[PDB]
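**Student:** I have a structure here, written as structure tokens, and I will follow up with some questions on it.
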């Protein structure tokens, strides 16, 4: 089929494989850092860049342009060619579409989605809620089609995730609906409960084994391999050192290499550093920080991670905490999430880790610049405490999910903004002039330059759908202040 050859660009540009310089702007210099996962040792633009909340709009346009150029147009074409004639191809395409586009909704708020491609002059934005309703509709429609075609092998030749197995696609679609349900569980409790239970009570269920996770089995090098190993322009984040080393988490050696700055120890960099005054330019500062922990080869294979089985267990855990039916027992899901994450890396010691209730994230320490030191903001222990408050319970759930989501910063950054967990360190230098708050941390990215240029009327109308001014400090619709319950 000529339609089949359109899936490769969709697979390869959700989380962009090549060119690595383009992935670096699509995600690495926003979500990968904003999540607490990674830190750039070079303070780009004399310290005035995304990480210090002086946003670089040239960078952030690629958060938008990659999905709209490489995913959205293929989905549209597939829809036009197969929604009637070969529905199963349409269904797979819509699942890839929501995969790509829910990320974009989780960055900007309003997005062009249900109205995509209706005019060559103006593009009209859905509101974030309208986009989420579309997501839920698209997934139910796709799940139903694949269930009617669950035996067909015709997708095999083009499937970089599941080898043609529609069962897996169905389980992942349920799992992706369950993620989005959890995402809207504060702003729309009833809808979230309805959509979550649709996933949890589906006969085929959600992802529950590591081979059933959603990965792109690609051929190109992992894009972060260029950034990490060739350029030395991304390293371990201080928040990762605090949580992983404090918990003595054996995943620290699967995620990172021991640093050169402190031999035999894992060392992270505080994100949001300025051009510190001790350095005369950003190259001199990079020279002292390139020596912190590299990301590990294990997480930088041509296999790109989009949704782990571990994550799904943590989503079930939160669903159970929130009383959604079919979600199971909170503690079992929590412990199964940690266990599944250990097994993804062939790690042992799961039983000791899961029963430990003494370890807590450690204080963070910068051996180069001691003024960057900070006491651990997170104090939660590992072992499930059934008597803990609902906030601490969610914090335990979300903190362990955050470890298990690594290195996929976008999902981790959405969940941080939604729940405040895990309690990652704030930025050292906040160069936003007050538009963004240091402790609350960045909320969103404003509508991109290319839209300001070529779609001013749609952007002007999209701004009316935000809950605030079109800047980085405005909470997205699903980000509701106050408690998580």
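**Student:** Taking the stretch 300-348, which residues are in a helix (DSSP H, G or I) and without any contact (Cβ under 8 Å) to a residue 40 or more places away in the chain?
**Tutor:** Taking the stretch 300-348 first, the residues in a helix (DSSP H, G or I) are 309-321, 330-344.
Within the stretch 300-348, 320, 332, 333, 336, 339 qualify.
**Student:** Within the stretch 7-14, is there a residue that is touching a helix residue (DSSP H, G or I) at 6+ places or on another chain (Cβ under 7 Å), under 30 Å from residue 275 (Cβ atoms) and either buried (at least 24 other Cβ atoms within 10 Å of the Cβ) or in contact (Cβ under 8 Å) with a residue 12 or more places away in the chain (or both)?
**Tutor:** no
**Student:** Is there a residue in the stretch 287-298 that is in a helix (DSSP H, G or I) and touching a helix residue (DSSP H, G or I) at 6+ places or on another chain (Cβ under 6 Å)? Steps first, please.
**Tutor:** To start, the set of residues in the stretch 287-298 that are in a helix (DSSP H, G or I) comprises 287-289, 297-298.
Cutting the leftovers down to touching a helix residue (DSSP H, G or I) at 6+ places or on another chain (Cβ under 6 Å) gives us 298.
Within the stretch 287-298, one or more residues are in a helix (DSSP H, G or I) and touching a helix residue (DSSP H, G or I) at 6+ places or on another chain (Cβ under 6 Å).
**Student:** Also, quick follow-up: So, in the stretch 246-286, exactly how many residues are over 22 Å from the mean Cα position of the chain (by Cα), in contact (Cβ under 8 Å) with a residue 12 or more places away in the chain and not in a loop (DSSP other than H, G, I, E, B)?
**Tutor:** 5
**Student:** Need the failing condition index for residue 464 against (1) free of Cβ contacts under 8 Å to residues at least 12 places away in the same chain; (2) closer than 19 Å to residue 112 by Cβ; (3) touching a strand residue (DSSP E or B) at 6+ places or on another chain (Cβ under 9 Å), just the number.
**Tutor:** Condition (3) is where residue 464 drops out.
**Student:** Before we move on, is residue 185 over 28 Å from residue 8 (Cα atoms) and out of contact with any helix residue (DSSP H, G or I) (no Cβ under 6 Å at 6 or more places or on another chain)?
**Tutor:** The answer is no for residue 185.
**Student:** Shifting gears a bit: So which of 428, 354 is within 27 Å of residue 474 (Cα to Cα), in contact (Cβ under 8 Å) with a residue 24 or more places away in the chain and surrounded by fewer than 23 Cβ atoms within 10 Å (Cβ to Cβ)?
**Tutor:** Details: 354 fails: within 27 Å of residue 474 (Cα to Cα).
The unique qualifying residue is 428.
**Student:** Which of the residues that make up the stretch 357-373 are under 30 Å from residue 285 (Cβ atoms), touching a residue at least 40 places away in the same chain (Cβ under 8 Å) and under 28 Å from the mean Cα position of the chain (by Cα)?
**Tutor:** Selection gives 361, 362, 363, 364, 366, 372.
**Student:** Same structure, new question: Just one of (1) under 17 Å from residue 311 (Cβ atoms); (2) surrounded by fewer than 24 Cβ atoms within 10 Å (Cβ to Cβ); (3) in contact with a strand residue (DSSP E or B) (Cβ under 9 Å, 6 or more places away or on another chain) trips up residue 176, so point out which.
**Tutor:** Looking at each condition in turn, residue 176 falls short on (2).
**Student:** Does residue 47 meet the test of being in contact (Cβ under 8 Å) with a residue 24 or more places away in the chain, more than 28 Å from residue 255 (Cα to Cα) and surrounded by fewer than 23 Cβ atoms within 10 Å (Cβ to Cβ)? Can you show your working first?
**Tutor:** Numbers: in contact (Cβ under 8 Å) with a residue 24 or more places away in the chain: yes; more than 28 Å from residue 255 (Cα to Cα): no; surrounded by fewer than 23 Cβ atoms within 10 Å (Cβ to Cβ): yes.
No.
**Student:** Any chance you could count how many residues in the stretch 71-86 are assigned to a helix (DSSP H, G or I), surrounded by 17 or more Cβ atoms within 10 Å (Cβ to Cβ) and in contact (Cβ under 8 Å) with a residue 60 or more places away in the chain?
**Tutor:** 5
**Student:** Taking the stated definitions as given, is residue 443 under 16 Å from the mean Cα position of the chain (by Cα) and surrounded by fewer than 22 Cβ atoms within 10 Å (Cβ to Cβ)?
**Tutor:** Working: under 16 Å from the mean Cα position of the chain (by Cα): yes; surrounded by fewer than 22 Cβ atoms within 10 Å (Cβ to Cβ): yes.
Yes: the conditions hold for residue 443.
**Student:** Filter the stretch 28-48 down to the residues that are over 21 Å from residue 243 (Cβ atoms) and not in a loop (DSSP other than H, G, I, E, B), then identify the one that is farthest from the chain's Cα centre (by Cα).
**Tutor:** 46
**Student:** Under the condition of being closer than 17 Å to residue 237 by Cβ and in a helix (DSSP H, G or I), which residue from the stretch 415-440 is nearest to the chain's Cα centre (by Cα)?
**Tutor:** That would be 415.
**Student:** Residue by residue through the stretch 349-366, note down the ones that are in contact with a helix residue (DSSP H, G or I) (Cβ under 8 Å, 6 or more places away or on another chain) and part of a loop (DSSP other than H, G, I, E, B).
**Tutor:** 349, 359, 360, 361, 362, 363, 366
**Student:** OK, next. Determine which single condition residue 51 fails, assuming it passes every other condition in (1) in contact with a helix residue (DSSP H, G or I) (Cβ under 9 Å, 6 or more places away or on another chain); (2) closer than 21 Å to residue 439 by Cβ; (3) in a loop (DSSP other than H, G, I, E, B).
**Tutor:** If we test residue 51 against (1) in contact with a helix residue (DSSP H, G or I) (Cβ under 9 Å, 6 or more places away or on another chain); (2) closer than 21 Å to residue 439 by Cβ; (3) in a loop (DSSP other than H, G, I, E, B), just (3) comes out false.
**Student:** Just one of 388, 376 is surrounded by fewer than 23 Cβ atoms within 10 Å (Cβ to Cβ), without any contact (Cβ under 8 Å) to a residue 24 or more places away in the chain and either assigned to a loop (DSSP other than H, G, I, E, B) or more than 23 Å from the chain's Cα centre (by Cα) (or both); which is it?
**Tutor:** Values: 376 fails: without any contact (Cβ under 8 Å) to a residue 24 or more places away in the chain.
Exactly one of 388, 376 is surrounded by fewer than 23 Cβ atoms within 10 Å (Cβ to Cβ), without any contact (Cβ under 8 Å) to a residue 24 or more places away in the chain and either assigned to a loop (DSSP other than H, G, I, E, B) or more than 23 Å from the chain's Cα centre (by Cα) (or both), namely 388.
Any read-out appearing in this document is the output of simple, stated calculations on the displayed coordinates, not a laboratory observation. Note that each Cβ is placed from the backbone with ideal geometry, even for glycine, and that neighbours are counted across all protein chains shown.
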